[PDB]
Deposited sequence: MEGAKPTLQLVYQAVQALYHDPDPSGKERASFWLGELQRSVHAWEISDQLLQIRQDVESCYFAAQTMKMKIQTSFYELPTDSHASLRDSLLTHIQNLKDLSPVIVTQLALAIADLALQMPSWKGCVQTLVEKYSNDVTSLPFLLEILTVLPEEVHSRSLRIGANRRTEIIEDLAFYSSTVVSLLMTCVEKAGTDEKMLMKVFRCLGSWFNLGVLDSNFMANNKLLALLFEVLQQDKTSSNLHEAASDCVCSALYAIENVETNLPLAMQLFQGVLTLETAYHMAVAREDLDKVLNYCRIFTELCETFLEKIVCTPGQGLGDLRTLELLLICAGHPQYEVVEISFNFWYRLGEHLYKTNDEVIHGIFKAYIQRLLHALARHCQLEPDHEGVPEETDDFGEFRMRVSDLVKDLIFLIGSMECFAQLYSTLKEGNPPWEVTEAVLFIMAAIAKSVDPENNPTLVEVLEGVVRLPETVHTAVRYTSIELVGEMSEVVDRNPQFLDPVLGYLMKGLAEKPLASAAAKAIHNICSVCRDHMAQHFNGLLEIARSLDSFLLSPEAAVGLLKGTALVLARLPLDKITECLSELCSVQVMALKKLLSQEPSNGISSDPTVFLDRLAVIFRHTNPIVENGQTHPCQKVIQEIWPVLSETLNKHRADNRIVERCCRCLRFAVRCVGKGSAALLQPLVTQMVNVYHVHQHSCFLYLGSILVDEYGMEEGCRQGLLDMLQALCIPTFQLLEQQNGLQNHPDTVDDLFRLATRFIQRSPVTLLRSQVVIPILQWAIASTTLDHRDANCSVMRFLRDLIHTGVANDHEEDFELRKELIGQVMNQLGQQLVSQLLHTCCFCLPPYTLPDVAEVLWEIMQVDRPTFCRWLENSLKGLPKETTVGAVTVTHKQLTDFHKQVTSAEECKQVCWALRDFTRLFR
């Protein structure tokens, strides 16, 4: 409301930069921030710009100008545009002398203004033929021209979609005039500004390829890139522009004049590159590598199509490999994207003739990477994945994984290993590293090399560098298969891995490897169960990640299940006992999650687990109602009990009713939706059994009462989308296992009444659950008319549909038009379809009534839409109809 004091805004600025108090300084930023968001920002800006007492005040003013024009342009009327356009132009004139950071801002202002102003016809020409010849006005004139192509793709600047493509072809008619001005402009500090401007103009793809081919500006570009004299800043500007020119080329054949000009141009830079690597200008060596990479990317199609000839000249790849030599890893990593993309293209074409052409380069690159992966000799610990060089090593590992097919896994596996026989720890670790990355890929187990490497790694002494120990363990973990094919190496490998488990910084990696051996070699693992059991007995003593811990228990559980049936029952009991006892002692989260894993993966083929689970049942029971108030803890109990029940084979219907009964009781006081979900799992798994059907129904009816009370609260739907979803998951599971028991029950009516109600809930996943319930429920009086119970299902759907059908249809149509986003339209149409399959004459009535209740759309558009839906032969037409009709709202 109240326009801020002019003395105060300065006061704020003056405060913002210099006020001794930091907090005091801070507030000023807040006040000024709020000022920018105000309508008075426009006025205060324009005044601070013409007054211009400080450099500080102007930046705030210029920034505020820029921000106001991009964020809140709607505030300005049509006639105010010209008034601002002239004001801004005046301001950038009077302020060119000051800091460039002000001008750049102001340049973005004018640029952003021009884009949203349709009135300003030919802003590009109006700008040049007014400022071109002032010479001192050229620095900002190029600034404006530079950022204008950048702002056409600004997220913070929304100006239609059709307008955007109208902005581009306009800039095309005026492409020549700015380029000519740019040509003229060359006739150092003023070169890099010219390059950066042609750069952005290259970017939106508005420069004509043929015109630029025979252009002074394109030749001069490579000239500055050749000279060893050129500054880092100018070198950067030029490198980027060449990369911009290379990138602009969409189709190489269409742009053949420009393409060759650029192709020949960059190739002359090899000497200039070397002049830079000779010195230690890391900025330049990276710059050329960008250009070398951009070339390869632009002409990848030609290199793969016509290797060696013309634009497909393999001199290109030779240059990246030059870059791959450079000892600094930041250089080679740039071309990593291309190298992938190359191997990706090569992978598509199944021609081993094209593979053979590039195999050498790929093997040349790969050896360069193995060098790059080498650690410094003074490196003390395990190799970290979190640091720059560690992320690089991982990134290399991925690239090798993607490119290994062009070299052959086995061929490359044998190669790296033989390089060890002819070396410090650093070189050994890096080789093992790349080997570990492809160890699995070496599919044929026939070859005896793998055994050689296996025994080679396990015979490594503890004395070796802790880093070598680490990546050796990983390698062994990726060679679990070769241990299965050669079961004699089980104890030596397991022995070697147990040692690594003892060492704290090797703990995780060893735990992973043991898990992989467990999963794969579970049959042979018979002997080594006791070893696994005791380290389970003291799992928390090793410093393991939770992942590593869980994996280890999982591995133990898996090999346990393959024991003789008689021995399993006692082994499982003590494998749980460590966590069972720990539960009695006491959140139990970690202990619950550990029991889940054991139950989940202890599934013997046959029940030995029954007596065990029945005994762990009471403590799990007590642990649950103890934590009955905590959603997070009680769901991990549900999850634990879920796999506990599944762990017992046939006969597990015994432990069902005590579990179900407890679920009902705890759900009564606390309505966690995970009890609905767990219920749905029980129905899905035990619903087909006749003996469980009545118990499962009583469950649904018991769980519904608190559920309905919960949902009938104010905005109960909107406040419990998770309860809504799982409820209809539970109901859907009843439909697709034992639909008759549900339909004959009383509870089916309110469930449907809530189903109809929930169709107004905007929740995406919840809406799917209810729509699918509606569809599946109604479909019960349609599906399988050949089987006996059909006429009974027909009748029951009938009574239900008779009672609530009109509301269902009325709400369904209401939802589509006003309540929910279009994503529901298919799910509704499917339900609309199922209704017609039941009683199409009646549906016609129901739909007619719903159309008459429209709270605009003419009468004809209501009549034909009725014809469309009611006389539809495929469900597709219904959905076709809905999408069309819904559009009218």
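Residues 1 to 2, 190 to 194, 430 to 431, 596 to 606, 627 to 631, 881 to 888, 923 of the deposited sequence have no C-alpha coordinates in the model.
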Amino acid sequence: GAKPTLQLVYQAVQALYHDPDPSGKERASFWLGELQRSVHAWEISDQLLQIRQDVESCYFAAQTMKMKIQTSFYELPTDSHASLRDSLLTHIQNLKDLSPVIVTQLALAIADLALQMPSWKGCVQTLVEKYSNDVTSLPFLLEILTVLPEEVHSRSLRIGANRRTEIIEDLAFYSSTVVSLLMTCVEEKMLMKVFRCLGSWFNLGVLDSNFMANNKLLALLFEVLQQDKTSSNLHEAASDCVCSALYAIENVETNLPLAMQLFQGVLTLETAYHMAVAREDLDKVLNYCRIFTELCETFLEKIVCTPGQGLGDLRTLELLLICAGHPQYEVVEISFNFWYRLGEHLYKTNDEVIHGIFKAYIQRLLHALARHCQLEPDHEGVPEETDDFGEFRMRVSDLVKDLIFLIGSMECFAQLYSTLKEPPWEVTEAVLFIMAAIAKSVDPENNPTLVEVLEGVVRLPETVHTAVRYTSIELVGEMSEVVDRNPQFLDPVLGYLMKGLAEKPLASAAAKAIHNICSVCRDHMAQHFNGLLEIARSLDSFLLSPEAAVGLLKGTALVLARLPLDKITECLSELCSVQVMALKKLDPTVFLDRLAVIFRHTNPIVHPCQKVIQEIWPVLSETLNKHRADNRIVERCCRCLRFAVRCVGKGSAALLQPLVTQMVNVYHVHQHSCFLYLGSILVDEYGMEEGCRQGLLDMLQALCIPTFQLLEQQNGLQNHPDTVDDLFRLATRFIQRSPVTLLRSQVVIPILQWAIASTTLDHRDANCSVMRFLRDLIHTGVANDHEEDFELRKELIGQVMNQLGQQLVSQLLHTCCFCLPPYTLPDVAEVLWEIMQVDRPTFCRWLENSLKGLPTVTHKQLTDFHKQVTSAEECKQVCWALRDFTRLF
From here on, numbers count along this sequence of modelled residues.
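When the mean C-alpha temperature factors of 101 to 109 and 559 to 567 are read from the deposited coordinates, 559 to 567 comes out higher. As the entry records it, the average C-alpha temperature factor is higher for 63 to 71, out of 829 to 837 and 63 to 71. Among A368, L267, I438, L717, the highest C-alpha B-factor recorded in the PDB entry belongs to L267. The entry assigns its greatest Cα B factor, within the set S508, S680, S154, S673, to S154. Placement of the Cα temperature factor of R636 within the chain: lowest third of the modelled residues, per the deposited record. Sort the modelled residues of the chain by CA B factor and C844 lands in the lowest third. In the PDB entry, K421 places in the highest third of its chain by CA B-factor. The entry lists a Cα temperature factor for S239 that places it in the lowest third of the chain's modelled residues. Per the PDB record, residue ranking by Cα B-factor puts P327 in the middle third of the chain.
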